[PDB]
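Before any comments, here is the structure.
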Amino acid sequence: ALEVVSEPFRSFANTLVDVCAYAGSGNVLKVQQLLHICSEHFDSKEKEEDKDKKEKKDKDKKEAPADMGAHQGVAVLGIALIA
Amino acid sequence: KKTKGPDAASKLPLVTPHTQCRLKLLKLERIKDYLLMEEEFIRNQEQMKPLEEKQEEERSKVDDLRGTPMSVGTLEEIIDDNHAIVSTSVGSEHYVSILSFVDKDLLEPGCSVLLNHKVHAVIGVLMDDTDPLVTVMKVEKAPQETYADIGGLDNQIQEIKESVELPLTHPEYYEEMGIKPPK
Amino acid sequence: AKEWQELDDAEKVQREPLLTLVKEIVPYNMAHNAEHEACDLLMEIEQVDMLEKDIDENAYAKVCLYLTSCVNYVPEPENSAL
Amino acid sequence: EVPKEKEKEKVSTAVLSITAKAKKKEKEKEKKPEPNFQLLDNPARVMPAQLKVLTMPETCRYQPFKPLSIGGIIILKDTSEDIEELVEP
């Protein structure tokens, strides 16, 4: 909330700070919400370059799924963020 | 390209405990959770990013020039840069003109060549002519078993593993001596 | 939890964590205190299975780490002189 | 009388996992005049559906000597002069 006092770069920092917080804490709430909003709010307009950091940080909060969800993150990443 | 097309499987990283237990419940729930996440994201991003200025008018032009019912024919002795000979399924040697859309490379004799129905003209190359009786032999839903499921065959399993898995797992082990891996 | 779990030293041990978790989520500490007042001590050996399942479960818990925090406080006594 | 030019271009969520319980707990934590009797001007349109059920506005000084169940131009009775609102737009 305190970082809501700046331009879309405030949204940048918001995504970054949440990611830097949840390193390995595999969840669905924050992951889903960021994954959705970040790419649903910045690709349309000229202001962009946020929708990369969320996915590029799915590892964080997901990089340590007891070495179980890793094989799923690979699927989602490879299929989506490239193809 | 030599695509190393995998079995396009393993969508089940494998539930560790097989005894009905809440651990199983939680793990399979995690699996479903990521699957639903993937479905949601793909649908949402398909709907969003209004690239509706698509179709790349030009590709529409190409499709327009290559009419409806295109036909599959076998390219033959290529005569000139802008000319080549084709052989339809009835084995009739038409003399068509290679249009510009076709990459002059990748069109070798014996390579199946697309054509325009009315005026036989090489319109595009086809690099997928695998015999529909042969493509049915590619395993695309990996059978659900693991080396632990089989038992009592250590010595007889290590031998296969040393010629079906290790040679592509740690191939340095083999080259270091220069022995070609058993095939 | 104190009687049926180890009714014959069977694989029922794996089910007591399920019961005590799906139930008494908030008072799981106290439900465990009542359960392990006698059940853990009657067989110090059984505690290994409990520790194993809780360890393998810690990686799985609620989105909010209240369970994961819960599954982190609870294992200390089990790792204790117990 | 409305532009009626709306556009959402959004996707509805489908998030449905064990996380629903956390969503519910967090949500609880956070939450804890009409026409048919109006008036009308003189040269105002009168639909034939109401050419026979209108109202006689006696307020002004004059009344229509012609029976009032039709439409069309009807010349009213001429009362004394010096009336109010002698307007001829």
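Following the order of the structure tokens, first chain is A, next is B, and so on, with residues numbered from 1 inside each chain and ligands from 1 in the order they appear.
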**Prompt:** Do you know which residues are at most 6 Å from residue D:64 counting only C-alpha atoms, after dropping those on the same chain fewer than 2 positions away, and could you put them as a PyMOL selection string?
**Reply:** chain D and resi 66+76-77
**Message:** Based on only C-alpha atoms, which of the residues in chain C come within 8 Å of chain B? I want them as a list in words.
**Reply:** residues 14, 15, 18, 57 and 60 of chain C
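Using only C-alpha atoms, the chain D residues found within 10 Å of chain C amount to residues 18, 19, 20, 21, 22, 23 and 26 of chain D.
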Expected answer as a compact mmCIF listing (two decimals) with C-alpha atoms, in the first residue's frame: chain B residues within 9 Å of chain A, only C-alpha atoms:
```txt
# COMPACT_ATOMS: atom_id res chain seq x y z
CA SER B 10 4.42 -37.06 -17.80
CA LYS B 11 1.52 -34.77 -16.92
CA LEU B 12 1.46 -36.86 -13.74
CA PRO B 13 4.63 -36.15 -11.78
CA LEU B 14 3.45 -39.16 -9.76
CA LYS B 27 -0.74 -33.54 -3.43
CA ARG B 30 -1.80 -29.24 -5.83
CA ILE B 31 -1.65 -30.96 -9.22
CA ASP B 33 -4.41 -26.42 -8.80
CA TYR B 34 -1.57 -25.89 -11.23
CA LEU B 35 -3.56 -27.43 -14.08
CA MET B 37 -4.03 -22.17 -13.21
CA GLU B 38 -2.63 -23.05 -16.62
CA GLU B 40 -7.12 -20.00 -16.73
CA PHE B 41 -3.98 -18.17 -17.82
CA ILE B 42 -4.04 -19.46 -21.37
CA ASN B 44 -7.28 -15.15 -20.24
CA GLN B 45 -4.27 -14.21 -22.34
CA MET B 48 -6.65 -10.22 -23.67
CA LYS B 49 -3.81 -8.53 -25.59
CA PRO B 50 -6.09 -7.09 -28.27
CA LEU B 51 -3.93 -8.05 -31.24
```
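Residues from chain D found within 12 Å of chain B are residues 8, 9, 10, 11, 12, 13, 14, 15, 16, 17, 18, 19 and 20 of chain D, counting only C-alpha atoms.
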**Fill in**
atom CA of residue B:86 to atom CA of residue B:73 measures 6.5 Å
**Item:** Nearest to residue D:36 by atom-to-atom distance, counting only C-alpha atoms, from D:83, D:24, D:48, D:55
**Value:** D:55
**Per-residue DSSP, chain B, filtered to alpha helix (DSSP H), as a PyMOL selection string** = chain B and resi 22-47+59-65+154-164+166-169+172-175
Let's have the selection written as a short mmCIF file (atom, residue, chain, number, x, y, z; two decimals), in the first residue's frame, with N, CA and C atoms.
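So part.cif came out as:
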```cif
data_model
loop_
_atom_site.label_atom_id
_atom_site.label_comp_id
_atom_site.auth_asym_id
_atom_site.auth_seq_id
_atom_site.Cartn_x
_atom_site.Cartn_y
_atom_site.Cartn_z
N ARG B 22 -4.64 -38.42 3.41
CA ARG B 22 -4.78 -37.01 3.14
C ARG B 22 -3.54 -36.44 2.49
N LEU B 23 -2.38 -37.08 2.65
CA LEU B 23 -1.22 -36.62 1.90
C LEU B 23 -1.48 -36.75 0.41
N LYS B 24 -2.03 -37.89 -0.01
CA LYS B 24 -2.43 -38.05 -1.39
C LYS B 24 -3.42 -36.98 -1.78
N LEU B 25 -4.41 -36.74 -0.92
CA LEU B 25 -5.41 -35.72 -1.24
C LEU B 25 -4.75 -34.39 -1.51
N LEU B 26 -3.87 -33.96 -0.61
CA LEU B 26 -3.26 -32.64 -0.75
C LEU B 26 -2.40 -32.57 -2.01
N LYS B 27 -1.62 -33.61 -2.27
CA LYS B 27 -0.74 -33.54 -3.43
C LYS B 27 -1.53 -33.48 -4.72
N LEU B 28 -2.51 -34.37 -4.88
CA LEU B 28 -3.31 -34.32 -6.09
C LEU B 28 -4.05 -33.00 -6.19
N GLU B 29 -4.41 -32.41 -5.05
CA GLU B 29 -5.03 -31.09 -5.09
C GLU B 29 -4.06 -30.07 -5.65
N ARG B 30 -2.79 -30.16 -5.27
CA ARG B 30 -1.80 -29.24 -5.83
C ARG B 30 -1.69 -29.43 -7.34
N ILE B 31 -1.73 -30.69 -7.79
CA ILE B 31 -1.65 -30.96 -9.22
C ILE B 31 -2.81 -30.30 -9.94
N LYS B 32 -4.02 -30.53 -9.45
CA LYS B 32 -5.19 -29.90 -10.05
C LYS B 32 -5.06 -28.39 -10.01
N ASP B 33 -4.48 -27.86 -8.94
CA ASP B 33 -4.41 -26.42 -8.80
C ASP B 33 -3.56 -25.83 -9.91
N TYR B 34 -2.40 -26.42 -10.16
CA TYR B 34 -1.57 -25.89 -11.23
C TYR B 34 -2.22 -26.09 -12.59
N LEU B 35 -2.91 -27.22 -12.79
CA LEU B 35 -3.56 -27.43 -14.08
C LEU B 35 -4.62 -26.38 -14.33
N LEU B 36 -5.45 -26.10 -13.32
CA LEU B 36 -6.46 -25.06 -13.47
C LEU B 36 -5.82 -23.70 -13.68
N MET B 37 -4.73 -23.42 -12.98
CA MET B 37 -4.03 -22.17 -13.21
C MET B 37 -3.61 -22.04 -14.66
N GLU B 38 -3.07 -23.11 -15.23
CA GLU B 38 -2.63 -23.05 -16.62
C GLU B 38 -3.81 -22.79 -17.55
N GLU B 39 -4.90 -23.53 -17.35
CA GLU B 39 -6.06 -23.33 -18.20
C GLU B 39 -6.53 -21.89 -18.13
N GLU B 40 -6.66 -21.37 -16.91
CA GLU B 40 -7.12 -20.00 -16.73
C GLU B 40 -6.20 -19.03 -17.44
N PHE B 41 -4.89 -19.15 -17.24
CA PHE B 41 -3.98 -18.17 -17.82
C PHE B 41 -4.05 -18.20 -19.33
N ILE B 42 -4.04 -19.39 -19.92
CA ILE B 42 -4.04 -19.46 -21.37
C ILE B 42 -5.32 -18.85 -21.92
N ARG B 43 -6.47 -19.18 -21.33
CA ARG B 43 -7.71 -18.58 -21.82
C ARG B 43 -7.69 -17.07 -21.66
N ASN B 44 -7.25 -16.59 -20.50
CA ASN B 44 -7.28 -15.15 -20.24
C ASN B 44 -6.38 -14.40 -21.20
N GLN B 45 -5.18 -14.91 -21.46
CA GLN B 45 -4.27 -14.21 -22.34
C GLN B 45 -4.67 -14.36 -23.79
N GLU B 46 -5.37 -15.44 -24.13
CA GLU B 46 -5.97 -15.51 -25.46
C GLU B 46 -7.01 -14.41 -25.64
N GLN B 47 -7.83 -14.18 -24.62
CA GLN B 47 -8.86 -13.15 -24.72
C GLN B 47 -8.27 -11.75 -24.68
N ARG B 59 -0.38 -12.44 -45.57
CA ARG B 59 -0.71 -13.85 -45.40
C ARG B 59 -2.11 -14.13 -45.92
N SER B 60 -3.04 -13.20 -45.69
CA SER B 60 -4.34 -13.31 -46.33
C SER B 60 -4.19 -13.31 -47.84
N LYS B 61 -3.28 -12.48 -48.36
CA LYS B 61 -3.04 -12.48 -49.80
C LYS B 61 -2.52 -13.84 -50.27
N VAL B 62 -1.59 -14.43 -49.52
CA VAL B 62 -1.02 -15.71 -49.92
C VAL B 62 -2.11 -16.77 -49.94
N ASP B 63 -2.87 -16.87 -48.85
CA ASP B 63 -3.97 -17.82 -48.82
C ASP B 63 -4.93 -17.57 -49.97
N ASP B 64 -5.15 -16.30 -50.32
CA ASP B 64 -6.05 -16.00 -51.43
C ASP B 64 -5.50 -16.56 -52.72
N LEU B 65 -4.20 -16.39 -52.95
CA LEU B 65 -3.62 -16.84 -54.21
C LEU B 65 -3.60 -18.36 -54.29
N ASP B 154 17.67 -57.01 -11.32
CA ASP B 154 18.72 -56.00 -11.26
C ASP B 154 19.68 -56.16 -12.43
N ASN B 155 20.43 -57.25 -12.44
CA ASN B 155 21.45 -57.44 -13.46
C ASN B 155 20.88 -57.30 -14.86
N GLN B 156 19.66 -57.78 -15.08
CA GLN B 156 19.04 -57.73 -16.40
C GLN B 156 18.42 -56.38 -16.70
N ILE B 157 18.41 -55.45 -15.74
CA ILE B 157 17.86 -54.12 -15.96
C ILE B 157 19.01 -53.15 -16.16
N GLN B 158 20.09 -53.36 -15.41
CA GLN B 158 21.25 -52.50 -15.56
C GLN B 158 21.79 -52.60 -16.98
N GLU B 159 21.70 -53.78 -17.58
CA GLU B 159 22.20 -53.94 -18.94
C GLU B 159 21.42 -53.08 -19.92
N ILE B 160 20.10 -53.07 -19.82
CA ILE B 160 19.33 -52.22 -20.72
C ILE B 160 19.55 -50.76 -20.40
N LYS B 161 19.68 -50.42 -19.12
CA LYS B 161 19.89 -49.04 -18.75
C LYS B 161 21.22 -48.52 -19.27
N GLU B 162 22.19 -49.40 -19.46
CA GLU B 162 23.48 -48.99 -19.97
C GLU B 162 23.51 -48.86 -21.48
N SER B 163 22.38 -49.05 -22.14
CA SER B 163 22.31 -48.85 -23.58
C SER B 163 21.04 -48.16 -24.04
N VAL B 164 20.17 -47.73 -23.14
CA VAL B 164 18.98 -47.01 -23.55
C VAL B 164 18.85 -45.70 -22.78
N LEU B 166 21.73 -44.43 -20.03
CA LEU B 166 23.00 -43.79 -19.72
C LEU B 166 23.66 -43.16 -20.94
N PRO B 167 23.69 -43.79 -22.10
CA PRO B 167 24.41 -43.21 -23.23
C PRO B 167 23.95 -41.81 -23.57
N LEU B 168 22.70 -41.47 -23.29
CA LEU B 168 22.25 -40.10 -23.43
C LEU B 168 22.10 -39.38 -22.10
N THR B 169 22.38 -40.05 -20.99
CA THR B 169 22.33 -39.37 -19.70
C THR B 169 23.68 -38.75 -19.35
N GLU B 172 29.53 -38.41 -21.64
CA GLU B 172 30.96 -38.23 -21.44
C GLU B 172 31.60 -39.52 -20.95
N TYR B 173 30.87 -40.28 -20.14
CA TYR B 173 31.40 -41.54 -19.61
C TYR B 173 31.86 -42.45 -20.74
N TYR B 174 31.20 -42.37 -21.89
CA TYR B 174 31.52 -43.27 -22.98
C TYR B 174 32.65 -42.72 -23.84
N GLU B 175 32.54 -41.47 -24.25
CA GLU B 175 33.59 -40.90 -25.07
C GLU B 175 34.93 -40.91 -24.36
#
```
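With atom CA of residue D:75 on one side and atom CA of residue D:50 on the other, the separation reads 19.3 Å.
Our summary of the geometry notes that atom CA of residue B:142 is positioned 24.4 Å from atom CA of residue A:82.
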**Item:** Non-local contacts of stretch 3-15 of chain A (10 Å; only C-alpha atoms; under 6 positions in same chain excluded) as a ChimeraX atom specification
**Value:** /A:21,34-35,38,42,47-51,53-54,57
For the residues in the current selection, export C-alpha atoms as a JSON list (two decimals), in the first residue's frame.
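Okay, this is what ended up in part28.json:
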```json
[["chain", "number", "residue", "atom", "x", "y", "z"],
["A", 21, "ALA", "CA", 8.93, -11.64, -0.08],
["A", 34, "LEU", "CA", -0.37, -11.43, -9.84],
["A", 35, "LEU", "CA", -0.15, -13.86, -12.76],
["A", 38, "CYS", "CA", 0.15, -8.19, -14.35],
["A", 42, "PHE", "CA", 0.04, -3.70, -19.02],
["A", 47, "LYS", "CA", 3.26, 1.25, -20.58],
["A", 48, "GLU", "CA", 4.46, -2.35, -20.40],
["A", 49, "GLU", "CA", 7.44, -4.45, -19.22],
["A", 50, "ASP", "CA", 5.75, -5.59, -16.00],
["A", 51, "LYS", "CA", 4.13, -8.73, -17.40],
["A", 53, "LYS", "CA", 8.52, -10.02, -13.95],
["A", 54, "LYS", "CA", 5.57, -11.92, -12.52],
["A", 57, "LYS", "CA", 9.25, -14.78, -10.52]]
```
**Message:** At a cut-off of 12 Å, using only C-alpha atoms, what residues contact stretch 121-137 of chain B? Leave out same-chain residues fewer than 4 positions from it and give the result as an MDAnalysis selection string.
**Reply:** chainID B and resid 1 7 62:68 70:76 78 82:88 94:117 141
